[PDB]
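Novice: Next comes work31.tsv, TSV, N, CA and C atoms:
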```tsv
chain	number	residue	atom	x	y	z
T	1	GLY	N	-4.00	-9.79	-49.87
T	1	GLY	CA	-3.34	-8.64	-49.29
T	1	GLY	C	-4.36	-7.69	-48.66
T	2	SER	N	-3.84	-6.72	-47.92
T	2	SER	CA	-4.69	-5.74	-47.26
T	2	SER	C	-3.84	-4.59	-46.71
T	3	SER	N	-4.49	-3.46	-46.51
T	3	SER	CA	-3.81	-2.29	-45.99
T	3	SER	C	-4.84	-1.28	-45.45
T	4	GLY	N	-4.89	-1.19	-44.13
T	4	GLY	CA	-5.81	-0.28	-43.48
T	4	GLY	C	-6.75	-1.03	-42.53
T	5	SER	N	-6.53	-0.81	-41.24
T	5	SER	CA	-7.34	-1.46	-40.23
T	5	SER	C	-6.89	-1.00	-38.83
T	6	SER	N	-7.70	-0.14	-38.24
T	6	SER	CA	-7.40	0.38	-36.92
T	6	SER	C	-8.24	-0.35	-35.87
T	7	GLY	N	-7.75	-0.32	-34.64
T	7	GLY	CA	-8.45	-0.98	-33.54
T	7	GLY	C	-7.46	-1.44	-32.47
T	8	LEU	N	-7.57	-2.72	-32.12
T	8	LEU	CA	-6.70	-3.30	-31.11
T	8	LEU	C	-6.61	-2.35	-29.91
T	9	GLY	N	-7.67	-2.36	-29.11
T	9	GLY	CA	-7.72	-1.51	-27.93
T	9	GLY	C	-6.54	-1.79	-27.00
T	10	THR	N	-6.76	-1.51	-25.72
T	10	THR	CA	-5.73	-1.73	-24.72
T	10	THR	C	-6.16	-2.82	-23.74
T	11	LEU	N	-5.21	-3.24	-22.92
T	11	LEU	CA	-5.47	-4.28	-21.94
T	11	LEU	C	-4.94	-3.83	-20.58
T	12	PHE	N	-5.84	-3.81	-19.60
T	12	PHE	CA	-5.47	-3.40	-18.26
T	12	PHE	C	-5.40	-4.61	-17.32
T	13	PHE	N	-4.43	-4.56	-16.42
T	13	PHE	CA	-4.25	-5.64	-15.46
T	13	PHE	C	-3.29	-5.23	-14.35
T	14	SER	N	-3.36	-5.96	-13.25
T	14	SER	CA	-2.51	-5.68	-12.10
T	14	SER	C	-1.99	-6.99	-11.51
T	15	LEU	N	-0.67	-7.10	-11.46
T	15	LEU	CA	-0.03	-8.29	-10.92
T	15	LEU	C	-0.05	-8.22	-9.39
T	16	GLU	N	-0.06	-9.40	-8.78
T	16	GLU	CA	-0.07	-9.48	-7.33
T	16	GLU	C	0.45	-10.85	-6.87
T	17	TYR	N	1.21	-10.82	-5.79
T	17	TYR	CA	1.77	-12.04	-5.24
T	17	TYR	C	1.34	-12.24	-3.79
T	18	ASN	N	0.68	-13.37	-3.55
T	18	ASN	CA	0.21	-13.69	-2.21
T	18	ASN	C	1.41	-13.97	-1.31
T	19	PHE	N	2.16	-12.92	-1.03
T	19	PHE	CA	3.34	-13.05	-0.18
T	19	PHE	C	3.02	-13.84	1.09
T	20	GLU	N	1.86	-13.52	1.66
T	20	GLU	CA	1.43	-14.19	2.88
T	20	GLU	C	1.58	-15.71	2.73
T	21	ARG	N	1.09	-16.21	1.61
T	21	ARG	CA	1.16	-17.64	1.34
T	21	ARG	C	2.12	-17.91	0.19
T	22	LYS	N	3.02	-16.97	-0.03
T	22	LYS	CA	4.00	-17.09	-1.09
T	22	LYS	C	3.34	-17.72	-2.32
T	23	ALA	N	2.42	-16.96	-2.90
T	23	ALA	CA	1.70	-17.43	-4.08
T	23	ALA	C	1.65	-16.31	-5.12
T	24	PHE	N	1.34	-16.70	-6.35
T	24	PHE	CA	1.25	-15.74	-7.43
T	24	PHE	C	-0.21	-15.45	-7.79
T	25	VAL	N	-0.48	-14.19	-8.07
T	25	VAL	CA	-1.83	-13.77	-8.42
T	25	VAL	C	-1.76	-12.85	-9.65
T	26	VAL	N	-2.46	-13.26	-10.69
T	26	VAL	CA	-2.50	-12.49	-11.92
T	26	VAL	C	-3.93	-12.02	-12.19
T	27	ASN	N	-4.19	-10.78	-11.78
T	27	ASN	CA	-5.51	-10.20	-11.97
T	27	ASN	C	-5.61	-9.62	-13.38
T	28	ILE	N	-6.74	-9.88	-14.01
T	28	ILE	CA	-6.98	-9.39	-15.36
T	28	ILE	C	-8.13	-8.38	-15.34
T	29	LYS	N	-7.76	-7.11	-15.40
T	29	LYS	CA	-8.75	-6.04	-15.39
T	29	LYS	C	-9.66	-6.19	-16.61
T	30	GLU	N	-9.98	-5.05	-17.21
T	30	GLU	CA	-10.84	-5.03	-18.38
T	30	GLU	C	-10.06	-4.55	-19.61
T	31	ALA	N	-10.69	-4.70	-20.76
T	31	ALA	CA	-10.07	-4.28	-22.01
T	31	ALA	C	-10.96	-3.25	-22.70
T	32	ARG	N	-10.33	-2.15	-23.10
T	32	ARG	CA	-11.05	-1.08	-23.77
T	32	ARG	C	-10.52	-0.89	-25.19
T	33	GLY	N	-11.45	-0.66	-26.11
T	33	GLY	CA	-11.09	-0.46	-27.50
T	33	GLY	C	-10.99	-1.80	-28.23
T	34	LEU	N	-11.94	-2.68	-27.93
T	34	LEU	CA	-11.96	-3.99	-28.55
T	34	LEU	C	-12.72	-3.91	-29.88
T	35	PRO	N	-12.07	-4.45	-30.94
T	35	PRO	CA	-12.66	-4.44	-32.27
T	35	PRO	C	-13.78	-5.49	-32.37
T	36	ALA	N	-14.91	-5.05	-32.91
T	36	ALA	CA	-16.05	-5.93	-33.07
T	36	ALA	C	-15.69	-7.05	-34.04
T	37	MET	N	-16.34	-8.19	-33.85
T	37	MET	CA	-16.10	-9.35	-34.70
T	37	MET	C	-17.39	-9.83	-35.34
T	38	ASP	N	-18.45	-9.84	-34.54
T	38	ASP	CA	-19.75	-10.28	-35.02
T	38	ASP	C	-20.40	-9.15	-35.83
T	39	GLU	N	-21.12	-9.55	-36.87
T	39	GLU	CA	-21.79	-8.59	-37.73
T	39	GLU	C	-23.30	-8.63	-37.49
T	40	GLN	N	-23.68	-8.33	-36.26
T	40	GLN	CA	-25.09	-8.33	-35.89
T	40	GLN	C	-25.49	-6.96	-35.35
T	41	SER	N	-24.96	-6.64	-34.18
T	41	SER	CA	-25.26	-5.36	-33.55
T	41	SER	C	-23.96	-4.62	-33.22
T	42	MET	N	-22.99	-4.78	-34.11
T	42	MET	CA	-21.70	-4.13	-33.93
T	42	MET	C	-21.13	-4.44	-32.54
T	43	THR	N	-20.96	-5.72	-32.28
T	43	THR	CA	-20.42	-6.16	-31.00
T	43	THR	C	-19.85	-7.58	-31.12
T	44	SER	N	-19.28	-8.04	-30.02
T	44	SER	CA	-18.70	-9.37	-29.98
T	44	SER	C	-18.46	-9.80	-28.54
T	45	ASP	N	-17.99	-11.04	-28.39
T	45	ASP	CA	-17.72	-11.58	-27.07
T	45	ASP	C	-16.23	-11.92	-26.96
T	46	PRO	N	-15.40	-10.85	-26.85
T	46	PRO	CA	-13.96	-11.02	-26.74
T	46	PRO	C	-13.57	-11.52	-25.34
T	47	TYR	N	-12.38	-12.09	-25.26
T	47	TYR	CA	-11.88	-12.61	-24.00
T	47	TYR	C	-10.36	-12.71	-24.02
T	48	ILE	N	-9.76	-12.29	-22.91
T	48	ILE	CA	-8.31	-12.32	-22.78
T	48	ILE	C	-7.89	-13.65	-22.15
T	49	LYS	N	-6.93	-14.30	-22.78
T	49	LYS	CA	-6.43	-15.57	-22.29
T	49	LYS	C	-5.18	-15.33	-21.43
T	50	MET	N	-5.14	-16.02	-20.30
T	50	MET	CA	-4.02	-15.89	-19.39
T	50	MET	C	-3.10	-17.11	-19.48
T	51	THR	N	-1.80	-16.83	-19.41
T	51	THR	CA	-0.81	-17.89	-19.48
T	51	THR	C	0.48	-17.46	-18.78
T	52	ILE	N	1.02	-18.38	-17.99
T	52	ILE	CA	2.25	-18.11	-17.26
T	52	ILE	C	3.44	-18.64	-18.06
T	53	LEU	N	4.04	-17.74	-18.83
T	53	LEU	CA	5.19	-18.10	-19.64
T	53	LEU	C	6.47	-17.97	-18.81
T	54	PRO	N	7.52	-18.70	-19.25
T	54	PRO	CA	7.40	-19.54	-20.43
T	54	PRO	C	6.60	-20.81	-20.13
T	55	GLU	N	6.91	-21.41	-18.98
T	55	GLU	CA	6.22	-22.62	-18.57
T	55	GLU	C	4.95	-22.82	-19.38
T	56	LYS	N	4.04	-21.86	-19.26
T	56	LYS	CA	2.78	-21.91	-19.98
T	56	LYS	C	1.89	-22.99	-19.35
T	57	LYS	N	2.31	-23.45	-18.18
T	57	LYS	CA	1.56	-24.48	-17.47
T	57	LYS	C	0.21	-23.91	-17.03
T	58	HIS	N	0.25	-23.18	-15.92
T	58	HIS	CA	-0.96	-22.57	-15.39
T	58	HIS	C	-1.68	-21.79	-16.49
T	59	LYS	N	-2.60	-22.48	-17.15
T	59	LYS	CA	-3.36	-21.86	-18.22
T	59	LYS	C	-4.75	-21.49	-17.71
T	60	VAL	N	-5.09	-20.22	-17.87
T	60	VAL	CA	-6.39	-19.73	-17.43
T	60	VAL	C	-6.84	-18.60	-18.35
T	61	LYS	N	-8.15	-18.44	-18.43
T	61	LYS	CA	-8.73	-17.40	-19.27
T	61	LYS	C	-9.80	-16.64	-18.48
T	62	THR	N	-10.06	-15.42	-18.92
T	62	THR	CA	-11.06	-14.59	-18.26
T	62	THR	C	-12.44	-14.82	-18.88
T	63	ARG	N	-13.45	-14.76	-18.03
T	63	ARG	CA	-14.82	-14.96	-18.47
T	63	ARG	C	-15.03	-14.32	-19.85
T	64	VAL	N	-15.89	-14.95	-20.63
T	64	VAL	CA	-16.19	-14.45	-21.97
T	64	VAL	C	-17.44	-13.58	-21.91
T	65	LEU	N	-17.22	-12.27	-21.94
T	65	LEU	CA	-18.32	-11.33	-21.90
T	65	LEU	C	-19.29	-11.62	-23.04
T	66	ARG	N	-20.36	-10.84	-23.09
T	66	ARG	CA	-21.37	-11.01	-24.13
T	66	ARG	C	-21.68	-9.66	-24.79
T	67	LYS	N	-21.31	-9.56	-26.06
T	67	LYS	CA	-21.55	-8.34	-26.81
T	67	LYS	C	-21.06	-7.14	-25.99
T	68	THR	N	-19.85	-6.71	-26.30
T	68	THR	CA	-19.26	-5.58	-25.61
T	68	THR	C	-17.81	-5.37	-26.06
T	69	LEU	N	-17.58	-4.24	-26.70
T	69	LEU	CA	-16.25	-3.91	-27.19
T	69	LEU	C	-15.39	-3.43	-26.02
T	70	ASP	N	-15.99	-3.43	-24.84
T	70	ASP	CA	-15.29	-3.00	-23.65
T	70	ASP	C	-15.73	-3.87	-22.47
T	71	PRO	N	-15.40	-5.19	-22.57
T	71	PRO	CA	-15.76	-6.13	-21.52
T	71	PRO	C	-14.85	-5.97	-20.30
T	72	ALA	N	-15.40	-6.29	-19.15
T	72	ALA	CA	-14.65	-6.18	-17.90
T	72	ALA	C	-14.74	-7.51	-17.15
T	73	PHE	N	-13.62	-8.23	-17.15
T	73	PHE	CA	-13.56	-9.51	-16.47
T	73	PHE	C	-13.07	-9.34	-15.03
T	74	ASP	N	-12.08	-8.48	-14.87
T	74	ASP	CA	-11.52	-8.22	-13.56
T	74	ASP	C	-11.43	-9.54	-12.78
T	75	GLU	N	-10.83	-10.53	-13.42
T	75	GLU	CA	-10.68	-11.84	-12.80
T	75	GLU	C	-9.37	-11.90	-12.02
T	76	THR	N	-9.16	-13.03	-11.35
T	76	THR	CA	-7.96	-13.23	-10.56
T	76	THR	C	-7.71	-14.72	-10.33
T	77	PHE	N	-6.48	-15.13	-10.59
T	77	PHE	CA	-6.10	-16.52	-10.42
T	77	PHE	C	-4.89	-16.65	-9.49
T	78	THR	N	-5.01	-17.58	-8.55
T	78	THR	CA	-3.94	-17.81	-7.60
T	78	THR	C	-3.13	-19.05	-7.99
T	79	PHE	N	-1.89	-19.09	-7.52
T	79	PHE	CA	-1.01	-20.21	-7.81
T	79	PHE	C	0.05	-20.37	-6.72
T	80	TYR	N	0.28	-21.62	-6.36
T	80	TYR	CA	1.26	-21.93	-5.33
T	80	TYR	C	2.36	-22.84	-5.88
T	81	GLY	N	3.57	-22.63	-5.37
T	81	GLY	CA	4.71	-23.42	-5.80
T	81	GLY	C	5.83	-22.53	-6.32
T	82	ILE	N	5.44	-21.35	-6.80
T	82	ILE	CA	6.40	-20.40	-7.33
T	82	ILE	C	7.32	-19.92	-6.20
T	83	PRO	N	8.64	-20.12	-6.42
T	83	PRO	CA	9.63	-19.71	-5.44
T	83	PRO	C	9.82	-18.19	-5.44
T	84	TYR	N	8.87	-17.51	-6.08
T	84	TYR	CA	8.92	-16.06	-6.16
T	84	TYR	C	10.10	-15.60	-7.02
T	85	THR	N	11.29	-16.04	-6.62
T	85	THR	CA	12.50	-15.68	-7.34
T	85	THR	C	12.37	-16.07	-8.82
T	86	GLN	N	11.42	-16.94	-9.09
T	86	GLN	CA	11.19	-17.40	-10.45
T	86	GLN	C	10.27	-16.43	-11.19
T	87	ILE	N	9.61	-15.58	-10.42
T	87	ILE	CA	8.71	-14.60	-10.98
T	87	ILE	C	9.44	-13.81	-12.07
T	88	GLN	N	10.70	-13.52	-11.80
T	88	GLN	CA	11.51	-12.77	-12.75
T	88	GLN	C	11.75	-13.60	-14.02
T	89	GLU	N	11.34	-14.86	-13.95
T	89	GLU	CA	11.50	-15.76	-15.07
T	89	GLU	C	10.13	-16.15	-15.64
T	90	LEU	N	9.12	-15.41	-15.20
T	90	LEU	CA	7.76	-15.67	-15.65
T	90	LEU	C	7.34	-14.58	-16.63
T	91	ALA	N	6.12	-14.71	-17.13
T	91	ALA	CA	5.58	-13.75	-18.07
T	91	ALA	C	4.11	-14.06	-18.34
T	92	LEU	N	3.28	-13.03	-18.20
T	92	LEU	CA	1.86	-13.19	-18.42
T	92	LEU	C	1.54	-12.89	-19.89
T	93	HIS	N	1.11	-13.93	-20.59
T	93	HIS	CA	0.76	-13.79	-22.00
T	93	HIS	C	-0.74	-13.57	-22.14
T	94	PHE	N	-1.09	-12.33	-22.44
T	94	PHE	CA	-2.49	-11.97	-22.61
T	94	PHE	C	-2.89	-11.97	-24.09
T	95	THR	N	-3.67	-12.97	-24.45
T	95	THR	CA	-4.13	-13.11	-25.83
T	95	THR	C	-5.55	-12.56	-25.97
T	96	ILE	N	-5.67	-11.52	-26.79
T	96	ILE	CA	-6.96	-10.90	-27.03
T	96	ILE	C	-7.64	-11.59	-28.21
T	97	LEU	N	-8.38	-12.65	-27.90
T	97	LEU	CA	-9.08	-13.39	-28.93
T	97	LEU	C	-10.53	-12.91	-29.01
T	98	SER	N	-11.35	-13.70	-29.68
T	98	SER	CA	-12.76	-13.36	-29.83
T	98	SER	C	-13.58	-14.63	-30.03
T	99	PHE	N	-14.37	-14.95	-29.01
T	99	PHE	CA	-15.21	-16.13	-29.05
T	99	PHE	C	-16.63	-15.78	-29.49
T	100	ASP	N	-17.20	-16.66	-30.30
T	100	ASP	CA	-18.55	-16.45	-30.80
T	100	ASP	C	-19.08	-17.76	-31.39
T	101	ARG	N	-19.23	-18.75	-30.52
T	101	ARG	CA	-19.72	-20.05	-30.94
T	101	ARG	C	-19.02	-20.49	-32.22
T	102	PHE	N	-19.54	-21.57	-32.80
T	102	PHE	CA	-18.97	-22.10	-34.03
T	102	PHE	C	-17.44	-22.16	-33.95
T	103	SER	N	-16.95	-22.25	-32.72
T	103	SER	CA	-15.52	-22.31	-32.49
T	103	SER	C	-14.79	-21.36	-33.44
T	104	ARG	N	-14.73	-20.10	-33.04
T	104	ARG	CA	-14.07	-19.09	-33.84
T	104	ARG	C	-12.84	-18.55	-33.12
T	105	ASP	N	-11.69	-18.71	-33.76
T	105	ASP	CA	-10.44	-18.24	-33.19
T	105	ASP	C	-9.92	-17.05	-34.00
T	106	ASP	N	-10.23	-15.86	-33.50
T	106	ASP	CA	-9.80	-14.64	-34.16
T	106	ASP	C	-8.96	-13.81	-33.20
T	107	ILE	N	-7.67	-14.12	-33.16
T	107	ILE	CA	-6.76	-13.41	-32.28
T	107	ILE	C	-6.69	-11.94	-32.71
T	108	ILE	N	-7.35	-11.10	-31.92
T	108	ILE	CA	-7.37	-9.67	-32.21
T	108	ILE	C	-5.96	-9.11	-32.06
T	109	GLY	N	-5.20	-9.73	-31.17
T	109	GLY	CA	-3.84	-9.30	-30.92
T	109	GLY	C	-3.19	-10.13	-29.81
T	110	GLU	N	-1.88	-9.95	-29.66
T	110	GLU	CA	-1.14	-10.68	-28.65
T	110	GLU	C	-0.42	-9.71	-27.72
T	111	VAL	N	-0.52	-9.99	-26.43
T	111	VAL	CA	0.12	-9.16	-25.42
T	111	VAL	C	1.01	-10.02	-24.53
T	112	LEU	N	2.13	-9.43	-24.12
T	112	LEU	CA	3.07	-10.14	-23.27
T	112	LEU	C	3.61	-9.17	-22.21
T	113	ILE	N	3.77	-9.70	-21.01
T	113	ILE	CA	4.27	-8.90	-19.90
T	113	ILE	C	5.25	-9.74	-19.08
T	114	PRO	N	6.56	-9.59	-19.41
T	114	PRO	CA	7.60	-10.32	-18.71
T	114	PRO	C	7.85	-9.73	-17.32
T	115	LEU	N	7.65	-10.56	-16.31
T	115	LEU	CA	7.85	-10.13	-14.94
T	115	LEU	C	9.35	-10.04	-14.65
T	116	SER	N	10.14	-10.39	-15.66
T	116	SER	CA	11.58	-10.35	-15.53
T	116	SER	C	12.05	-8.91	-15.30
T	117	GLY	N	12.15	-8.55	-14.03
T	117	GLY	CA	12.58	-7.21	-13.66
T	117	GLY	C	11.53	-6.51	-12.80
T	118	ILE	N	10.28	-6.87	-13.05
T	118	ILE	CA	9.17	-6.28	-12.31
T	118	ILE	C	9.37	-6.54	-10.81
T	119	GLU	N	8.91	-5.59	-10.01
T	119	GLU	CA	9.03	-5.69	-8.57
T	119	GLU	C	7.65	-5.63	-7.91
T	120	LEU	N	7.17	-6.80	-7.51
T	120	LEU	CA	5.87	-6.89	-6.87
T	120	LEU	C	6.05	-6.83	-5.35
T	121	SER	N	7.28	-7.07	-4.92
T	121	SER	CA	7.59	-7.04	-3.50
T	121	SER	C	6.81	-5.93	-2.81
T	122	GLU	N	7.01	-4.71	-3.30
T	122	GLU	CA	6.33	-3.56	-2.74
T	122	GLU	C	4.86	-3.88	-2.49
T	123	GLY	N	4.24	-4.48	-3.49
T	123	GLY	CA	2.83	-4.85	-3.39
T	123	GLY	C	2.22	-5.05	-4.78
T	124	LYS	N	0.98	-4.61	-4.91
T	124	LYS	CA	0.28	-4.74	-6.18
T	124	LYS	C	0.52	-3.48	-7.02
T	125	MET	N	0.68	-3.70	-8.32
T	125	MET	CA	0.92	-2.61	-9.24
T	125	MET	C	0.05	-2.74	-10.49
T	126	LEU	N	-0.45	-1.61	-10.95
T	126	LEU	CA	-1.29	-1.58	-12.13
T	126	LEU	C	-0.42	-1.45	-13.38
T	127	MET	N	-0.80	-2.18	-14.41
T	127	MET	CA	-0.06	-2.15	-15.66
T	127	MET	C	-1.01	-2.25	-16.86
T	128	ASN	N	-0.54	-1.75	-17.99
T	128	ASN	CA	-1.33	-1.78	-19.21
T	128	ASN	C	-0.44	-2.21	-20.38
T	129	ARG	N	-1.09	-2.68	-21.43
T	129	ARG	CA	-0.38	-3.12	-22.62
T	129	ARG	C	-1.17	-2.79	-23.88
T	130	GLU	N	-0.45	-2.43	-24.92
T	130	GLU	CA	-1.07	-2.09	-26.19
T	130	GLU	C	-1.26	-3.34	-27.05
T	131	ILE	N	-2.40	-3.39	-27.72
T	131	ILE	CA	-2.72	-4.52	-28.58
T	131	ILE	C	-2.40	-4.16	-30.03
T	132	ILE	N	-1.52	-4.96	-30.62
T	132	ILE	CA	-1.12	-4.74	-32.00
T	132	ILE	C	-1.14	-6.07	-32.75
T	133	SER	N	-0.64	-6.03	-33.98
T	133	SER	CA	-0.59	-7.23	-34.81
T	133	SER	C	0.68	-8.02	-34.52
T	134	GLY	N	0.65	-8.76	-33.42
T	134	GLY	CA	1.79	-9.57	-33.03
T	134	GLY	C	3.02	-8.69	-32.79
T	135	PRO	N	3.96	-9.23	-31.97
T	135	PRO	CA	5.19	-8.51	-31.66
T	135	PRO	C	6.15	-8.54	-32.85
T	136	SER	N	5.74	-7.88	-33.92
T	136	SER	CA	6.56	-7.81	-35.12
T	136	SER	C	6.79	-6.36	-35.52
T	137	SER	N	8.00	-5.89	-35.25
T	137	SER	CA	8.36	-4.52	-35.58
T	137	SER	C	7.25	-3.56	-35.13
T	138	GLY	N	7.40	-3.06	-33.91
T	138	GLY	CA	6.43	-2.14	-33.35
T	138	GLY	C	6.95	-1.49	-32.07
```
Reformat the file's structure so that it appears as structure tokens.

Specialist:
Amino acid sequence: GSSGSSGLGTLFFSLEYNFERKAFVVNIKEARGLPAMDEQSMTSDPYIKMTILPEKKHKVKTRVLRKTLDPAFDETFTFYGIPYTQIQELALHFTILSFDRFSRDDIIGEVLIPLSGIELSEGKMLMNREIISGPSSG
């Protein structure tokens, strides 16, 4: 058992659709307030995992920073085939894990952003999400 543990920073990102080429673009900004994992210099190499839900096909992840509770990947992935109209049936699953050799899977938190309703038509929009202990009563 346990009780007491603050952290789970935030996750910044901006969705974008290559309307020109009718394509999807999921840019992953940076994450602030990342809880340290390594017990060396009070730091870690966290990384946000990208996934196009539900499909979950197009699987991509953002570069794995090196020692930084506030890494900035500001990555971007393109995708073609999306009829756009399906965007409302998509969802970017941002998993805030923590990599540190020895194959370590420490999901700091789980983030989800259902494009179901979102309007990218206008253009690119900035969005943020809070990192908590899974989507369980919150």

Novice: Could you name the residues that touch segment 120-133 of chain T at 7 Å or less, counting all atoms listed in the file, but leaving out those on the same chain fewer than 6 positions away, as an NGL selection string?

Specialist: :T and (7-17 or 108-112)

Novice: Measuring between only C-alpha atoms, which one of T:48, T:115, T:26, T:107 shows the shortest distance to residue 70 of chain T?

Specialist: T:48

Novice: Counting only C-alpha atoms, select every polymer residue within 12 Å of (-1.3, -20.6, -23.8) as defined in the file's coordinates, and provide the selection as a PyMOL selection string.

Specialist: chain T and resi 48-61+91-97+110-112

Novice: Can you work out the spacing between atom CA of residue 89 of chain T and atom CA of residue 136 of chain T in Å, to one decimal?

Specialist: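 These two atoms are separated by 22.1 Å.
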
Novice: State, in Å with one decimal place, the distance from atom CA of residue 71 of chain T to atom CA of residue 88 of chain T.

Specialist: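 Interatomic distance, atom CA of residue 71 of chain T to atom CA of residue 88 of chain T: 29.4 Å.
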